[PDB]
């Protein structure tokens, strides 16, 4: 049950958000954001740069001052505010889902039923943590009373990508606000609209000015200004491995701010011969193609045991050929366009790369429409470990199917990667599942399922896929600064 969408939602927010108010960039510069389904400009947005970031950081620092409304507010009340924000987002769910689709390209039905639902669940989950992340009382040696206070890390710079605009914003705001930090968020230049509207809801919810500040703009400018800022205490980043390095270097070169990163991957989806065929085929399709293939944890290396390889491939190809590509506002559409021209070209390049290196093109492989950035669902068979399409994140509707013989062999091949964000195993056998979940070097291992996220379960990468974890109780660790208080007492007793 999905409410009919407004296929041309009006844009109400397109400026820089600081101290609960809207501002043009100091330079007065604006940049166009494009609708990927048509290739047309939606509207212009204030182009924030260093000077704007400076104003936002000063506002955040002021809201974080000892004795301020945000610092004195009961933890339980921060929880109330998050719950209020969630209620406001739900009130505007239909509008937000349509705006998300307009700026990003994902199907409206998905923006509505998936993205928005997950935003609401993330915020509501974290609202509950606001007054429950306890410090400790410690039985230290000697005549002392020792305890720890879980204080906020402080001014948190949050840089997010364009694949899940609203959800990425919620994943960042939820834990940061639940623990009493203040935020300077830099949204993606490709999808700034939905996050800016949410800023209006943050003000409406009652958050004190300066608690959340949003600066739309580009990376090397606004993003880098946050990473290198001398008064930003912590930075959280989700995006490319390349920029992840740039961020960590900027943090180390400036004030040693704390850093957490969520980068991409080349996640292996292992299908054992005893797996439920119909289920594994559908889930492998979902694992790769979901969100136009623009998922950090996309199952981009589909390993299939030799005995079921031929049948698995045949079914996967049929499924890929039936996938409906089109207007994301049409209910029948399964796949919208890629986010922008840059990604579009990059994917075309990877497809040509696959053909050049000898991977068997089974279907698709080309542009799916004249207007917009639509690419045909593409499947490569007989992919080998050394191929570039088997190693690098394509971030498009391009599936790699690899053949394997033994469970010991597949463990080694799946783990032979600098990435380690996620992995999956499809099998009916108890021992195979436990052997593989333990052996796989990945942040999340799904068993007989894929892309199953819960606000309660942590997510993050091993190796080069990132550091730190988001979601769950773990998502609060990077937003907390630990203080030990040790007091001399007359006579310590147990």
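Numbering follows the first chain given and starts at 1.
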Should the higher mean CA B-factor in the entry be assigned to 368-376 or to 419-427?
368-376
For the higher mean C-alpha B factor in the entry, choose 295-303 or 248-256.
248-256
Looking at 182, 398, 178, 407, which has the biggest Cα B factor in the entry?
407
Residue, from 467, 448, 456, 444, that the PDB entry assigns the highest Cα B-factor:
467
Report the third (lowest, middle or highest) to which the CA temperature factor of residue 102 belongs, ranking only the modelled residues of the same chain.
middle
Split the chain's modelled residues into thirds by Cα B-factor; is residue 32 in the lowest, middle or highest one?
lowest
Ranked by Cα temperature factor within the chain, is residue 282 in the lowest third, the middle third or the highest third?
highest
Based on the entry's values, in what third of the chain does the Cα temperature factor of residue 25 lie: lowest, middle or highest?
highest
Ranking the modelled residues of this chain by C-alpha B-factor as given in the entry, is residue 39 in the lowest, middle or highest third?
highest
